[PDB]
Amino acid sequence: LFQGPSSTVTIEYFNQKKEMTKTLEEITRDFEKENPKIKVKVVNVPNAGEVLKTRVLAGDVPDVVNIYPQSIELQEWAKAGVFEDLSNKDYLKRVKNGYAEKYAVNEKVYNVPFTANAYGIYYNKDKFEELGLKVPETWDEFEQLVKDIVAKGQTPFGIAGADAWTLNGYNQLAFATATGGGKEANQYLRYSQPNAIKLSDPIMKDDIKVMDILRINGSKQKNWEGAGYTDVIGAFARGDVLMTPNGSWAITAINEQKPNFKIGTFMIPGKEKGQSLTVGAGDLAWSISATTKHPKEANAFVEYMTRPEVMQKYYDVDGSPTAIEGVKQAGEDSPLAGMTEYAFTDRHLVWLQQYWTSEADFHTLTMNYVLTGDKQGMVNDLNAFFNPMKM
């Protein structure tokens, strides 16, 4: 006789947020209790981005994939039909206005960004209060703040000279504030002509001005040139430096050092007040295979995570800003409040490398400028990095 399949359906969730897997598996058991005929295999492998590439090109696409939506892989795979078009899903309406669309491919949405990262300046609220200092709201106020801290005999910044990536967000925000936004920054850098970035350009002068805040005499900790990420997390947590520029991801590391002060964040200012910006992209961010055997079950899993009371469970442990409507997010005293105040709005740019072929050399030219102060050299580096993209 004809044999039908099993009554229960199993799907795979290919996770990249290893650190949250436990809460994710918990939420997955909640889903399974609601839906006793669905079982979800939560997969965590090392080198998950490379494994995903191997699996996709082999035609073994997980049913639900955590894929970072700024990635070239998401773009290209989406163009190639690897992922279900989510544009018309009712559950997509639960993502904040306009945000999913920032990752559209041929104007279609292929990914649900549940959470995103952000970037800005961590600062020590206690020390700012003791010193009578205020969060800066313009480039010029930021310059003055750094000078004022130095004059008071303390160290403005922890800078990880050995880990250039730490300043990717800083310099992207220098260019974004200098140009008016993220498209405008990529207009200047990426979509301009070969060799069009010049030291004489007003935009370059402004970028250098913002970078030069990090070059004020006495602005950085001793032996910063060779310092790593953990070294500056520790220096900040200890109160040895008053600020450090980094992403939203850093708060977890800072807390595990047991700081004895109240942590705040602020957005890197623009020239004018009201012009500050942040940058980041989807983190917990899911796509569905276009070739899953179990599309209803895959979609039900994605829908479940869009519900406010489900997303709440993840948000309460993870803490990254969420684009899901109806979640109660942390208050104005929480450490990430300043950095994430304008999350998911016009002022929360997608990482510029969405539209770049690589990024490490941009990190390097940024940190090498902090190290050397060589302005022409930095301009030369920028053209060397962007010229190949402009073939």
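Numbers follow the displayed sequence, beginning with 1.
Visitor: Read off the CA B-factors in the entry, average them over 30-38 and over 357-365, and name the higher stretch.
Guide: Per the PDB record, 30-38.
Visitor: Going by the average Cα B-factor in the PDB entry, point out whether 264-272 or 92-100 comes out higher.
Guide: Of 92-100 and 264-272, the stretch with the higher C-alpha B-factor average is 92-100.
Visitor: Can you tell me which of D206, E137, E225, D231 has the maximum CA B-factor listed in the PDB entry?
Guide: Most elevated C-alpha B-factor of the set, per the entry: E137.
Visitor: Can you tell me which of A58, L352, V64, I67 has the maximum CA B-factor listed in the PDB entry?
Guide: The C-alpha B-factor peaks, among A58, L352, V64, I67, at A58.
Visitor: Among the modelled residues of this chain, does the Cα B factor of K22 put it in the lowest, middle or highest third?
Guide: Highest third.
Visitor: Rank-wise, by C-alpha B-factor, drop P321 into the lowest, middle or highest third of its chain.
Guide: According to the entry, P321 has a C-alpha B-factor in the chain's middle third.
Visitor: Lowest, middle or highest third: where is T372 by C-alpha B factor in its chain?
Guide: Middle third, going by the recorded CA B-factors of the chain.
Visitor: Determine, from the deposited record, the chain-internal third of the Cα B-factor for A116: lowest, middle or highest.
Guide: For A116, the deposited C-alpha B-factor lands in the middle third.
Visitor: Divide the modelled residues of the chain into thirds by Cα B-factor and specify which third, lowest, middle or highest, holds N380.
Guide: Lowest third.
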